[PDB]
Structures are given as C-alpha cells and as structure tokens.
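Descriptive analysis of the structure
Here is what each chain is made of, one letter per residue.
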Amino acid sequence: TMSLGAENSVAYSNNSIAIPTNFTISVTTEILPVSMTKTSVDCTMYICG
Amino acid sequence: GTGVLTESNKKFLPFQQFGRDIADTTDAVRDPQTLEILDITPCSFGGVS
Ligand SMILES: *[C@@H]1O[C@H](CO)[C@@H](O)[C@H](O)[C@H]1NC(C)=O
Ligand SMILES: *[C@@H]1O[C@H](CO)[C@@H](O)[C@H](O)[C@H]1NC(C)=O
C-alpha cells in the first residue's frame, strides 16, 4: 500500500509562533515542451506511391 | 518500380534475391544477369513554395 508522506502534528497553540532565524537560496529546474518536429505528408504520394 | 540505382555494401546471403523496407517496399535487389547488389533510392521529391 503506497505512503502519502510522513505524518506531522504542527505544534499549534493560541499564543505560540515559529519564526525562521535563517534561509537557504534554492535553485530548481522546470522543463516545458514548446514545439514538435514540423512534419509534412503528401497524401497522394503516401496513398498512391 | 521507379527510382535511382547504385552499388551497395549490403551483405546479402546467396539465397536472398531482394531486400525490403518497413513500408514493405523493395529497397535493394540482386541483378539477375550479373549478381551485384543494387540499392534502390526513390526519385527526389518535395513541396514547391
Ligand atoms: C545560516 O546558515 C548558514 C549556512 O547556510 C550558516 O553558515 C550560518 O551560520 C547560519 N546563520 C545563523 C544566524 O544561524
Ligand atoms: C548469365 O546469368 C547468370 C546469372 O543468372 C550468370 O551467372 C552468368 O555469368 C551470365 N552469363 C553471361 C555470359 O553474362
């Protein structure tokens, strides 16, 4: 049976806050398709050779 | 058929008379008088713009 991720009880209360004391600069790739190979077919030469 | 004939480096076995493409079209032949193997290339084609 697949796991969805680790459980985490967030330490909530009506008067507690968490604030970051530091940071990391992250660089992450995203890849997107933009074009196909431009194909042409002569239907008469495909069908009738 | 119709095409351009040339010599070929295709290593035919002595029982094979011709070779075929993925399209089922014959693309090489043994000549029946002098037993050389010829490549068949289609006559050049394309769109006119
Ligand atoms: C913040 O993180 C860097 C490493 O990324 C560390 O060298 C630096 O000491 C940290 N600063 C504080 C205020 O903890
Ligand atoms: C006649 O054709 C055969 C192959 O079918 C070949 O072995 C033979 O040498 C040819 N004879 C001449 C005189 O070209």
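The structure we're discussing is the one just above.
Report follows, based on the coordinates. (Residues numbered from 1 in each chain as written, not as in the entry; some residues may be left out. Chains lettered and ligands numbered in written order. Part of a larger assembly, values for the part shown. Heavy atoms only, no water.)

1. Some points on the overall build of chain A
Rules: Segments assigned H or I by DSSP are reported as helices when at least four residues long, segments assigned E as strands when at least two residues long, and all are numbered from the N terminus. When a residue's accessible area, from a 1.4 Å probe over protein chains only, is under 20% of the maximum for its type it is buried; when over 50% it is exposed; and in between it is partly exposed. Residue exposure ignores everything except the shown protein chains as possible cover, and the areas themselves are Shrake-Rupley values with a 1.4 Å probe.
Helix and strand counts for chain A stand at one helix and zero strands. Along the three orthogonal principal directions, the C-alpha set of chain A runs to about 80 × 35 × 20 Å. Taking all 49 residues of chain A together, the buried fraction comes to 0%. Carbon and sulfur atoms make up 58% of the accessible area of chain A, which totals about 6100 Å².

2. As for the site of ligand 2
Residues and elements named next belong to chain B. For clarity, the cut-off: It suffices for a single heavy atom of a residue to lie within 4 Å of a molecule or strand for the residue to be listed as near it. Identification of polar contacts relies on pairs of N or O atoms within 3.5 Å, with a donor-acceptor requirement for protein atoms, meaning one able to donate a hydrogen and the other able to accept it, and with residues adjacent in sequence counted only if both atoms are side-chain atoms.
Surrounding ligand 2, one finds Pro32, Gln33 and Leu35. At a separation of 2.7 Å, an oxygen atom of ligand 2 approaches a polar backbone atom of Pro32. Within the backbone of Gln33, one N or O atom sits 3.2 Å away from an oxygen atom of ligand 2. Protein coverage of the free-state accessible area of ligand 2, which is 370 Å², stands at 23%.

3. Section: the environment of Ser9 of chain A
Residues and elements named next belong to chain A. With respect to the helices, strands and loops of the structure, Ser9 is situated in the segment before α1 (43-48). Its relative accessible area of 72% is what places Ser9 among the exposed residues. Taking C-alpha positions, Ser9 is 24 Å from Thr24, a pair spaced 15 residues apart along the chain.

4. Description of the pairing of strand β3 (residues 26-30) of chain B
One face of the sheet, then the other: side chains in a regular strand alternate in exactly this way. Residues and elements named next belong to chain B. Test applied: Pairing between strands is defined by DSSP: at least two bridges between the two strands are required.
Bridging between strand β2 (residues 18-20) and β3 involves three bridges; their strand directions are antiparallel. When the bridges of β3 are listed, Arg20 appears paired with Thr26. Where β2 folds back on β3, the antiparallel hairpin that results is connected by five residues, among which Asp24 adopts a positive phi of roughly 70°. In this sheet, strand β4 (residues 37-41) lies alongside β3 in antiparallel orientation, the contact comprising three bridges. Of the residues in β4, the one forming a bridge with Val29 is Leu38. Between β3 and the antiparallel strand that follows it, β4, lie six residues.

5. Comments concerning a nonpolar patch on the surface
To be explicit about the condition: Patch membership requires more than 30% relative accessible area and the absence of a salt bridge. Residues of like charge join within 9 Å; the nonpolar side chains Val, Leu, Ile, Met, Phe, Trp and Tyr join within 5 Å. Salt bridges are identified by distance alone: a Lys or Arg side-chain nitrogen within 4 Å of an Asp or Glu carboxyl oxygen.
Among the surface-exposed residues, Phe23, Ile25 and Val27 of chain A lie close enough to one another that they form a single nonpolar patch of about 450 Å² accessible area. With respect to the helices and strands, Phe23 of chain A occurs in the segment before α1.

6. A few points about the pattern of salt bridges
Residue and element names in this part refer to chain B. With the rule as written, the count across this model stands at one salt bridge over all chains. Across the pair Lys10 and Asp39 runs a salt bridge, and its minimum N-O distance is 2.8 Å. Residue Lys10 is found in the loop between β1 (4-7) and β2, and its partner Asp39 is found in strand β4; the two are separated by 29 residues along the sequence. Here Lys10 falls in the partly exposed class, since its relative accessible area comes to 35%. For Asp39, a relative accessible area of 19% corresponds to the buried category.

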